[PDB]
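For reference, the chains in residue letters:
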Amino acid sequence: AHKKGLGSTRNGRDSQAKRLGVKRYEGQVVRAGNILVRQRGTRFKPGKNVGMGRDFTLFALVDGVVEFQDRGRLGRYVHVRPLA
RNA sequence: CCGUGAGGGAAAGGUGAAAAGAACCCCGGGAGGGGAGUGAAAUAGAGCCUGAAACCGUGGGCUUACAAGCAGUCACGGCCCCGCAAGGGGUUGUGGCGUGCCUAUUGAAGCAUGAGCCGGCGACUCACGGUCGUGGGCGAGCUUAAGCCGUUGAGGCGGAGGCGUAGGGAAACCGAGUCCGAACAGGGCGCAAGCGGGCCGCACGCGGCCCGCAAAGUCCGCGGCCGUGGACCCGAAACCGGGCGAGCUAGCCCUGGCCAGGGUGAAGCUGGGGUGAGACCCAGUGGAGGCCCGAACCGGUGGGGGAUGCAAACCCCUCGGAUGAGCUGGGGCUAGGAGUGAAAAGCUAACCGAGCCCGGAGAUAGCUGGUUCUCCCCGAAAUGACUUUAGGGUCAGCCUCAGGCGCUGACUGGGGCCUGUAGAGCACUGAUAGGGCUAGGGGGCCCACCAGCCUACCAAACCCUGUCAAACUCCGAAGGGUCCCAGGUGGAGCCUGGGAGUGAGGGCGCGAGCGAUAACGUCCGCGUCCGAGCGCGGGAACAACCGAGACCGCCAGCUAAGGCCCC
RNA sequence: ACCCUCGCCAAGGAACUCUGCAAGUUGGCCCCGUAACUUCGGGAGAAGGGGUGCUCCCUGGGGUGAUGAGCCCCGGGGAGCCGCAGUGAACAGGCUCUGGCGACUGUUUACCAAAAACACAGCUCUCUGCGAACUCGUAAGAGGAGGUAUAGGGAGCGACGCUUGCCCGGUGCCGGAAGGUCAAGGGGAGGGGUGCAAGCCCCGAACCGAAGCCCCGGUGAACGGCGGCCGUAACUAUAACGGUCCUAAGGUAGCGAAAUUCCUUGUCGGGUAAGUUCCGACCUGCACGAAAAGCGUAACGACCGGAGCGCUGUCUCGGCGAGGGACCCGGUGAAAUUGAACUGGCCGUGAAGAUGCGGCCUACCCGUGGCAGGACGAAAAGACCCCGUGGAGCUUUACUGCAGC
RNA sequence: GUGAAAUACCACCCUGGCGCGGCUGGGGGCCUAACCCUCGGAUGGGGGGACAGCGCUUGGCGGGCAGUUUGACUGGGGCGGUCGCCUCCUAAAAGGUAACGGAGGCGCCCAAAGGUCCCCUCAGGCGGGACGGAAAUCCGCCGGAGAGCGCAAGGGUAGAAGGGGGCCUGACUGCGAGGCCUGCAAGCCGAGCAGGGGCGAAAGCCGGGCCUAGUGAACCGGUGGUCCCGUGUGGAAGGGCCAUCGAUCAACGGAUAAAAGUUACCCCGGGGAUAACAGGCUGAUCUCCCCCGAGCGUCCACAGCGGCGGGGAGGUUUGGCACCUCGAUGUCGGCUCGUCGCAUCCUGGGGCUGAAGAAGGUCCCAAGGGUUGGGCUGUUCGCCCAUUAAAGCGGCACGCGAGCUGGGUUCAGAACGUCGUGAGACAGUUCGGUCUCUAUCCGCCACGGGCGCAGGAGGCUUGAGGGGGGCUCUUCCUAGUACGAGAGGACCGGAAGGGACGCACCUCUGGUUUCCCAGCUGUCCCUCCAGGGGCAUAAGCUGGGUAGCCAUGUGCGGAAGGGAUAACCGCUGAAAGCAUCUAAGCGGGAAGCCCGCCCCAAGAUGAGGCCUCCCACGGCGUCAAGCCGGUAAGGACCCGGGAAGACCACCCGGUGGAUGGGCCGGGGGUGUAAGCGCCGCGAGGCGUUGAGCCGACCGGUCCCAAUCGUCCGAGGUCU
RNA sequence: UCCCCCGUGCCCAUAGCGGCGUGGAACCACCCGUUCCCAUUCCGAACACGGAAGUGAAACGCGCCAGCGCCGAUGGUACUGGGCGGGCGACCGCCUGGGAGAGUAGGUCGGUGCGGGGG
Ligand SMILES: [Mg+2]
Ligand SMILES: [Mg+2]
Ligand SMILES: [Mg+2]
Ligand SMILES: [Mg+2]
Ligand SMILES: [Mg+2]
Ligand SMILES: [Mg+2]
Ligand SMILES: [Mg+2]
Ligand SMILES: [Mg+2]
Ligand SMILES: [Mg+2]
Ligand SMILES: [Mg+2]
Ligand SMILES: [Mg+2]
Ligand SMILES: [Mg+2]
Ligand SMILES: [Mg+2]
Ligand SMILES: [Mg+2]
Ligand SMILES: [Mg+2]
Ligand SMILES: [Mg+2]
Ligand SMILES: [Mg+2]
Ligand SMILES: [Mg+2]
Ligand SMILES: [Mg+2]
Ligand SMILES: [Mg+2]
Ligand SMILES: [Mg+2]
Ligand SMILES: [Mg+2]
Ligand SMILES: [Mg+2]
Ligand SMILES: [Mg+2]
Ligand SMILES: [Mg+2]
Ligand SMILES: [Mg+2]
Ligand SMILES: [Mg+2]
Ligand SMILES: [Mg+2]
Ligand SMILES: [Mg+2]
Ligand SMILES: [Mg+2]
Ligand SMILES: [Mg+2]
Ligand SMILES: [Mg+2]
Ligand SMILES: [Mg+2]
Ligand SMILES: [Mg+2]
Ligand SMILES: [Mg+2]
Ligand SMILES: [Mg+2]
Ligand SMILES: [Mg+2]
Ligand SMILES: [Mg+2]
Ligand SMILES: [Mg+2]
Ligand SMILES: [Mg+2]
Ligand SMILES: [Mg+2]
Ligand SMILES: [Mg+2]
Ligand SMILES: [Mg+2]
Ligand SMILES: [Mg+2]
Ligand SMILES: [Mg+2]
Ligand SMILES: [Mg+2]
Ligand SMILES: [Mg+2]
Ligand SMILES: [Mg+2]
Ligand SMILES: [Mg+2]
Ligand SMILES: [Mg+2]
Ligand SMILES: [Mg+2]
Ligand SMILES: [Mg+2]
Ligand SMILES: [Mg+2]
Ligand SMILES: [Mg+2]
Ligand SMILES: [Mg+2]
Ligand SMILES: [Mg+2]
Ligand SMILES: [Mg+2]
Ligand SMILES: [Mg+2]
Ligand SMILES: [Mg+2]
Ligand SMILES: [Mg+2]
Ligand SMILES: [Mg+2]
Ligand SMILES: [Mg+2]
Ligand SMILES: [Mg+2]
Ligand SMILES: [Mg+2]
Ligand SMILES: [Mg+2]
Ligand SMILES: [Mg+2]
Ligand SMILES: [Mg+2]
Ligand SMILES: [Mg+2]
Ligand SMILES: [Mg+2]
Ligand SMILES: [Mg+2]
Ligand SMILES: [Mg+2]
Ligand SMILES: [Mg+2]
Ligand SMILES: [Mg+2]
Ligand SMILES: [Mg+2]
Ligand SMILES: [Mg+2]
Ligand SMILES: [Mg+2]
Ligand SMILES: [Mg+2]
Ligand SMILES: [Mg+2]
Ligand SMILES: [Mg+2]
Ligand SMILES: [Mg+2]
Ligand SMILES: [Mg+2]
Ligand SMILES: [Mg+2]
Ligand SMILES: [Mg+2]
Ligand SMILES: [Mg+2]
Ligand SMILES: [Mg+2]
Ligand SMILES: [Mg+2]
Ligand SMILES: [Mg+2]
Ligand SMILES: [Mg+2]
Ligand SMILES: [Mg+2]
Ligand SMILES: [Mg+2]
Ligand SMILES: [Mg+2]
Ligand SMILES: [Mg+2]
Ligand SMILES: [Mg+2]
Ligand SMILES: [Mg+2]
Ligand SMILES: [Mg+2]
Ligand SMILES: [Mg+2]
Ligand SMILES: [Mg+2]
Ligand SMILES: [Mg+2]
Ligand SMILES: [Mg+2]
Ligand SMILES: [Mg+2]
Ligand SMILES: [Mg+2]
Ligand SMILES: [Mg+2]
Ligand SMILES: [Mg+2]
Ligand SMILES: [Mg+2]
Ligand SMILES: [Mg+2]
Ligand SMILES: [Mg+2]
Ligand SMILES: [Mg+2]
Ligand SMILES: [Mg+2]
Ligand SMILES: [Mg+2]
Ligand SMILES: [Mg+2]
Ligand SMILES: [Mg+2]
Ligand SMILES: [Mg+2]
Ligand SMILES: [Mg+2]
């Protein structure tokens, strides 16, 4: 029988997964309120017809379609062009 | 029958209508038989109706001493037996193929569990509630309970009462509304039920009778599941109550008995010495003692033997005590958290860390085991979250059934983005070898403070050449995710409800961790098989490797993997 | 064959083995003669020897008679005889030296432990003033005890000898009229509910209210604690000597690799040809120590160790003999176990150890006496281990109660 | 003047103390009459005495007792660690994703670090700069973000979320379309409407904070409001609703308001879901060999060695894993009995040597056979003693407990040290402690029975194929010679002895010999003396002792010899005009291999061979047995026996006979019988006398017994 | 329509940085002042106001260059959906789709709408 004293650790704790990311991709029809993106920082700037919540939480406020737009060094966006 | 006792507690029924129960003869000591006789029957002949199976025999048919096996099965052949025949029955000589049943498991022929064999007993029920479903009755309603009257396998009556017809509010309360609110803002519960439709009074009107069974419910029957009950059956170690036990053992009380023979020779006495008397020294006597040796007796030291024993503690040899804290008969007392204990938790009626019996009692058992007829359709799980949870559970995932919805499913084509792995690359964060240049610092020529000069040492920052990274990224695929439009009629999908089981997984491939890039290792990810395909072919044999999804039959055909010299 | 119980054995003589386990040796009686040590009783059966039959002769005591003979009972001296052998058979200690542990005789785990365990005389502490304390019991009552401090109860140690240090901080026990806190109850400033009111109901601050704990002193043959760390003497080492502290204080004597020593077969010495044991020492005591006593001690022990002598079948190393079985016949006639069996070897393979798969090898059918490697042989639903929100016994400054005070 | 502060006088009061008095409490003392105890029985006398006892109630102490609690995870369990939340990675470019994987944080804080309006832009690099480090604050360029943002990390960010200033409190109330996330309930984003506000000219923005941790369901209660309910009525008490409070319920989905240990005195239910043994897988560790050649070896890498490092094999170590076995796979050491491997301790062959010889070293070939006795410890192992040719290393469930032992270890007792308050405990010690007559199958050793072997018999045989056995030392002669300065000291060949072992044997030596002989004791008996018998073991004791069986005793054995080979050494010889053992062909060469030697053996169904015997159909089916009863050669049965033997078998006899028993002779053992005579008082001693008795052995002799008989068994299938 | 300038957006480096031109007629800026609205942590620097002598110096606008920055092929690899194989293993190969990053050739000192003033 050999079980010499067994060492120990500690750094064995992690955090809960937050399921962040883009929740609605361009072309998708969305009602007002539908929280499109749900990032942490400003990865995606609020576009026309879009609203930013406490946590930069992007959400549409107009019943229409979705669509992004890369402005280069101006940061990406995500406006919901109205179903006109 | 068992136990001292409380108490436990069996087994065992059948001649025949009628004893008519077998006179008598024969073998025999008898038993038992053979005749005779009774009877419808005696293989109804006496523990006798019927009398199965295991088991034991006698006779016959086939067949066996060079073969080897989960005992069979498929194929021919021989012998025997039926029938006219075709055909069939029994046996088994060769050949081919073949890893018991149950259980439990990731996995069993398994050298894991259970079973000697046969027969008989042996486990998912019942009551009342609940929830679905279903066969009926009546339905803006339905229905009685106790009890009464009747029957004597006759039903009636009985509206107390219960559900249902209004939802809301914590409530007062209001009401198709209501609750929060100041609010005709909002919002949470709520409601908004006709008719597929024959007929027909026979208004150019459908009334409304009718209808499914609803608006819509109830009642009764049946079935599934749930709750409370022992709630599928068997099983604890234990807990508690009332009793029975000291004829075993422990301790004390009373009253009686037993201890061959020897050995040793305490104190005392007496005598002789002794001295001034004494002490004291000698003998002698004496007969003390948890004294000695050793039978009885009481012990149980070592060894052997015994080990389904002579024996549930024995036998043999050898040992301890043996006038003592000794041994022993009879009569008595103390007992279950109690007694007793020269103290081992010993002993308390052959298992005492808490006696035995009966009772609570069918204790509880998230554990183990077992769970009995046939066929047909579908068919899992071994994951996640939480759990005094981790071999148990609740919800979800996956299975199934009923009803509803009807192209929405998996998969695929075309669009649009979402992303930072592979790879690569240093621009960031760090790591990097050498070289250049160059703050310093050893230190060096030193004209000595004013700098200075040199240095195959140390050495920043910075540039050049070479690289490194899961927690680096200037960059970045393949793919993957999702939405839209299209294909796609599948034991596809979606919605509502009834029944689950599963929450130990395993091997292989690939992508990571751990490990020591060891493990038939371990932990996740996708996939796939096994599981449940220990069904079939290949791989010598072999759950998961290659082939391939077994409804049944065929003395037909083409193939798969793998093969094509013989086996 | 083998097993039991018994007999003998050449040469050796413990080389056997955990161990002289077993067996043998020795064994009665008489006479010589016996060591250390000692509590002067012992150790004494210490050891170590010698004698032991029978015949004849002589002779002394006693008991009974009678003082005599007989008959009994103890002796003393002489000669001689025969065996391998004279307690001629049976009953019948092997001895010694040295340690440990208990004093001694004794008691105990009925059925694996007889002991260094219990007990024990003796020592100390403590309670009890007698309706004693304590024990049983609800109570009455009873034991204590028809006892009374030279008694009882409880506790530890355990003859005897020399002794039994240091620390009272904490726990316990004894004593304690300062103080802290604390129950019922008392007391009621003040406040409340209702009544038209008198009222009737309540709440409630000061303050007064027991043991208890805290506190203060004592107490060790009360529970207990006695670790360390620095400095220091004519090499070196050591430290009589000083200092230090979270605690209260830091091991006095005596013992010591011990029933205690991890390192360890410590290191010296002894005994042996050779010694992890043993004996005597040293002291680095992992982790002795004074009454859960320290250190000794004659005597005692079916206790445990180590050595010698003796003698052996223990062994080298077996042999033969005997009897009771085993074997065969007649009689009688069990058992655990058992899925069924038509039950072989090797390499493999397989849930990792197959008579049963594969390939090969071997192999006529059926018994009888033997052996014990396999049938993961039998027996017992592993006593170890883990699991179960299983169970019991026991402990305490775990919780919560209760008796008792 | 001193002091912090001033004193004559005047007061209001405070501190503490003493008196006399109300309020409330304590503790004594005396009394007797309740209660208690006592006196030769007492309506009474003593003693205690309102205490004690006893009732109700307060608080206390309280393992003496009772009921219980003492978590989970976990590469077994325990010990250690951990348990909720946040960041990054692992995570395989959506989301999610595990491990006792890798690395860090949280259990707060801010009234300004909040709302809004208006301004401002950093860090560093290089210059130049009073104290000024290498960053204080300045000035000038250059600098898109590397600074800053309360704290971890990440994301984000100057077109501000950063830095400053002004008013402010939206860190609102009533709501809340629509979503993210999700088992449950929780978490999260939030436009928009209403009420009443803040800042801005206005557009507008404000329902805390750049963002992601800073947290806790329910239950039970507290405090404000509510006016909702309030037990006949009214009011109250008490609830409800709204708001808010008390959680290291941190084991962080939270069992009770309330909880630790121990068991070797232990018990049940389960598990090979899970540890200890053995096996299995693996091979880090272990053992072994190989590659490289620093560098040692006077010189020289490789005689012998081998730095740093590298590649392997084995599966005997210590482990890892947790795969069969927990309705049981007995565990260390010894004994017994073997058997295998070779990585060889000895012995046999051989290469190189830093090999003169002798003795070594090293490597290659080679297990055929060997591989000692003791002291110590339970030991394995080791250390010693004395030897040896050597005192090999491993495997077989660390071989072997239905084979033995039980000394070590693991049950109950007891003690030491030590840990614990304790009960108890300790890979610490110490003494003690029940290891189960029966073998069914396989396997193994032996012995039979049946049938077969294609006529039946009685003999003798061949040997396919098995088994046994294989050892080694010393001395002498070659020759004190080759070799060697010397000391020492061989090969090859040839002898004689040993040791262990094996088979057989009993002449000898030495055992045993259970009644062969003698001697002896006690007792009972026959028959009194004498002479005898039983018993004192299953021999009473003692001394002897044939046959048989035996070792300590005796004789033999290992071979010799032939053949093929290992390493190794060559001949001839190309490819490659040389060289080369190789490619073709040929040799030499081991205790090893084959055969030789001893033993078994034709169930060698492949059933063999040789010699000799007896042979016929006689009655009867499918006409050579497919058939019956006598037969034949022969064979059993039965009997007498046996150095044969458990039984069976095998061998020898059976009256034509020496088989056993007896009798006779001889061996052989006892060691002078009885009786009688002589001497002695007697025990005894002479003599007759090597007498008597007398198993098995070597033989004679029909005296007794193997009387007499019976039953099987050919008639022999095919070209 | 066409050049120049002034405001504004889009594209977000081939849209810039840095050198070298040049421009003021107009617009713009610098300036002249700062009594007044308004100001600075202190400065009219910056905001702000009233102006108009001088100027293009600054700043800005518009050209020029490739050196830094940036952009960046084509080929060929890497890697990889899917399919099929090899090695004891560490790993690796063929088929079929997709297909980088670096590197090289080379590209660039912008393009462009709406409204104003002016030739
Ligand atoms: Mg917001
Ligand atoms: Mg009885
Ligand atoms: Mg008749
Ligand atoms: Mg009948
Ligand atoms: Mg009848
Ligand atoms: Mg019958
Ligand atoms: Mg054959
Ligand atoms: Mg045959
Ligand atoms: Mg099972
Ligand atoms: Mg399963
Ligand atoms: Mg089996
Ligand atoms: Mg089985
Ligand atoms: Mg089981
Ligand atoms: Mg079963
Ligand atoms: Mg049955
Ligand atoms: Mg049955
Ligand atoms: Mg019902
Ligand atoms: Mg039951
Ligand atoms: Mg009772
Ligand atoms: Mg009694
Ligand atoms: Mg005595
Ligand atoms: Mg008597
Ligand atoms: Mg005995
Ligand atoms: Mg015995
Ligand atoms: Mg015995
Ligand atoms: Mg036995
Ligand atoms: Mg005695
Ligand atoms: Mg009891
Ligand atoms: Mg009872
Ligand atoms: Mg008692
Ligand atoms: Mg006793
Ligand atoms: Mg007791
Ligand atoms: Mg008993
Ligand atoms: Mg109990
Ligand atoms: Mg009950
Ligand atoms: Mg039960
Ligand atoms: Mg049950
Ligand atoms: Mg359950
Ligand atoms: Mg199906
Ligand atoms: Mg359907
Ligand atoms: Mg479609
Ligand atoms: Mg698509
Ligand atoms: Mg990479
Ligand atoms: Mg389906
Ligand atoms: Mg699981
Ligand atoms: Mg698992
Ligand atoms: Mg699991
Ligand atoms: Mg696995
Ligand atoms: Mg693996
Ligand atoms: Mg499947
Ligand atoms: Mg399969
Ligand atoms: Mg199978
Ligand atoms: Mg196959
Ligand atoms: Mg099918
Ligand atoms: Mg074909
Ligand atoms: Mg002898
Ligand atoms: Mg002798
Ligand atoms: Mg010895
Ligand atoms: Mg020995
Ligand atoms: Mg003895
Ligand atoms: Mg005599
Ligand atoms: Mg007399
Ligand atoms: Mg005697
Ligand atoms: Mg004696
Ligand atoms: Mg004796
Ligand atoms: Mg004693
Ligand atoms: Mg004694
Ligand atoms: Mg006993
Ligand atoms: Mg004793
Ligand atoms: Mg005993
Ligand atoms: Mg009382
Ligand atoms: Mg009395
Ligand atoms: Mg004591
Ligand atoms: Mg003793
Ligand atoms: Mg095998
Ligand atoms: Mg088979
Ligand atoms: Mg047999
Ligand atoms: Mg046996
Ligand atoms: Mg066995
Ligand atoms: Mg009186
Ligand atoms: Mg009185
Ligand atoms: Mg009185
Ligand atoms: Mg009183
Ligand atoms: Mg208790
Ligand atoms: Mg992801
Ligand atoms: Mg992915
Ligand atoms: Mg939700
Ligand atoms: Mg009221
Ligand atoms: Mg192994
Ligand atoms: Mg079993
Ligand atoms: Mg070799
Ligand atoms: Mg030589
Ligand atoms: Mg065995
Ligand atoms: Mg033992
Ligand atoms: Mg023993
Ligand atoms: Mg003993
Ligand atoms: Mg042969
Ligand atoms: Mg053969
Ligand atoms: Mg002889
Ligand atoms: Mg002899
Ligand atoms: Mg002799
Ligand atoms: Mg007699
Ligand atoms: Mg003889
Ligand atoms: Mg040549
Ligand atoms: Mg040759
Ligand atoms: Mg030759
Ligand atoms: Mg044969
Ligand atoms: Mg033959
Ligand atoms: Mg023949
Ligand atoms: Mg004869
Ligand atoms: Mg004769
Ligand atoms: Mg003679
Ligand atoms: Mg003779």
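As a starting point, this report considers the structure included with it. (Residues numbered from 1 in each chain as written, not as in the entry; some residues may be left out. Chains lettered and ligands numbered in written order. Part of a larger assembly, values for the part shown. Heavy atoms only, no water.)

The three strands lie next to each other as β2-β7-β6, forming an open sheet whose pairing is mixed. Looking along the sheet, the strands with just one partner apiece sit at the ends: β2 (44-46) and β6 (68-70). Going across the sheet, the axis of each strand differs from the next one's by a mean of 35°, ignoring polarity. (Pairing = 2+ DSSP bridges. Helix = DSSP H or I, 4+ residues; strand = E, 2+ residues; numbered from the N terminus. Axes fitted to C-alpha atoms, helices over the stretch in contact; angles between N-to-C directions.)

Among the nonpolar cores identified, the biggest contains ten residues, and these are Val30, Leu36, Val37, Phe44, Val50, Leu58, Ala60, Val66, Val78 and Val80. Those residues in contact with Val30 that lie beyond four places of it in its chain are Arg24, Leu36, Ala60, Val62, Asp63, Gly64, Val66 and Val80. (Core = buried A, V, L, I, M, F, W, Y, C linked by side-chain atoms within 4.5 Å. Buried < 20%, exposed > 50% of the residue type's maximum accessible area, 1.4 Å probe, protein only. Contact = heavy atoms within 4.5 Å.)

On to unusual backbone geometry. Backbone geometry follows two general trends: most residues other than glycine have a negative phi, and most peptide bonds adopt the trans configuration. In this model, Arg19 sits at a positive phi of 45°, which is unusual for a non-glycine residue. Its location among the elements puts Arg19 in the segment before β1 (29-30). A positive phi angle is found at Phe56, which is not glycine, with a value near 40°. Looking at where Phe56 falls in the secondary structure, it is placed in the loop between β3 (50-52) and β4 (58-60).

The next subject is the environment of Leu74. Here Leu74 shows up in the loop between β6 and β7 (76-78). The class for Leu74 is partly exposed, based on a relative accessible area of 40%. Note: C-alpha distance between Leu74 and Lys45 (29 residues apart in sequence) is 9.1 Å.

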